[PDB]
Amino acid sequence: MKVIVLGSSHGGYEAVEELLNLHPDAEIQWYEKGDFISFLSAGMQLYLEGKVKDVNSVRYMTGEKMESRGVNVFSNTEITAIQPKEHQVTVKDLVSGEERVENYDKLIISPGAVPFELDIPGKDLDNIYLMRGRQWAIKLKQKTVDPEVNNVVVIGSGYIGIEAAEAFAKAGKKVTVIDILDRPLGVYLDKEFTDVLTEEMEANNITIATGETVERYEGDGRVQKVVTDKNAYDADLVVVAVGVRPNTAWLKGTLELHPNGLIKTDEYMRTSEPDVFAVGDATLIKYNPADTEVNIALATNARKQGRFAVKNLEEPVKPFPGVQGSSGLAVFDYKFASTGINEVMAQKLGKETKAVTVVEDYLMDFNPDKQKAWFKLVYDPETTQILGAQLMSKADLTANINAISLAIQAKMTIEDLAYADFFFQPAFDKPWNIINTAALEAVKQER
């Protein structure tokens, strides 16, 4: 059986891993149009902050290692088109210019996504940077030590924008974050959490300019000003982290796509055409909190989809279990994690919810290491089933969100979590831990 896998990132990589243990016998070709196999864009912040010194070690696989396992790796080779009926792809070797047609028995594609750019006046004056991949990582790192860069503006206040804002504020630069949305990180956290984080960022000289539409970049040759409908900001560097666009335009007319460019797939990762599977940021995934399909562009999602595509290679036998959208990050001293439905998700999906937020020390009063922790539990008003949770503290309590992700998947209720058995030892927690305490509050609220 000959299987071709497109993409060396999270989705494509895991499909190769599951093929190696489920179909050791197969001829496997792995294609990457880029020069570098499996660079980890998630590790970019650690590199930019100087935690990791070698940009080339921020990866999880090399072509050499895969070839030792019998995989045919083709870097600098792009799959230009798919001919689904006759089961062929045309590939182009980007270093020699040679094209060729390759046949396959099964095709798994994980084409990914590309940074969204603002198509506005000034669009590409110099020093308007993006944040994805090895080349952008290197360029961003050189700007971190440049004495000419004094003011940097990042557009977008989501996960990637706040990572870039923290990295340049730690490098000693003045940062302004601009967005149309009213709160940074609203897709991940609710207002009681983002109010605390806004203060922490402002204490580290990051200005957050919310509710402003960027209209043009101004500058002579290189960017010098970012002007919005409401203001003008000096900028020596702009990082655009507004969002991501599916890399699927080349597939229009070949595979069925959603209006927004996402590939249509079912619960077995099958596309509209026989024997081609699609995985990763370019697809929608089953979202268990609301029993619907949502696009959640995370490495965890792409890796699970990748393995499920190989499981369903010959027969639709293993439907995808679904996910909860779990994410976590540190912003200066605060470490937060969240899963399931929050206010922005509930609004987008038209979902009614109830919630309780508990803010108190996570260790007993006599223990001098005690610190404040914020925990919000979101539940369904009719069934009281768990729908989401968010937590934050300067102490790392993030592994507790893993228990809430399972609770949502299992359809547990506030009563189940109020009395769930979690260990107690006073150097680690209180007799009723952070999850028990918030659920106990919800039980009182619903009496």
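Just count from 1 along the sequence shown to find any residue number.
Once the C-alpha B-factors are averaged per stretch, 193-201 and 220-228 rank with 220-228 first.
When the mean C-alpha temperature factors of 120-128 and 233-241 are read from the deposited coordinates, 120-128 comes out higher.
In the deposited coordinates, the residue among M61, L406, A42, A26 with the greatest CA B-factor is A26. In the deposited coordinates, the residue among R303, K92, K372, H258 with the greatest CA B-factor is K92. When the modelled residues of the chain are ordered by their C-alpha B factor, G253 lands in the highest third. For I208, the recorded CA temperature factor ranks within the highest third of the chain's modelled residues. For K106, the recorded CA B-factor ranks within the middle third of the chain. Only modelled residues enter the ranking.
For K348, the recorded CA temperature factor ranks within the highest third of the chain's modelled residues. Among all modelled residues in its chain, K141 ranks in the middle third by Cα B-factor.
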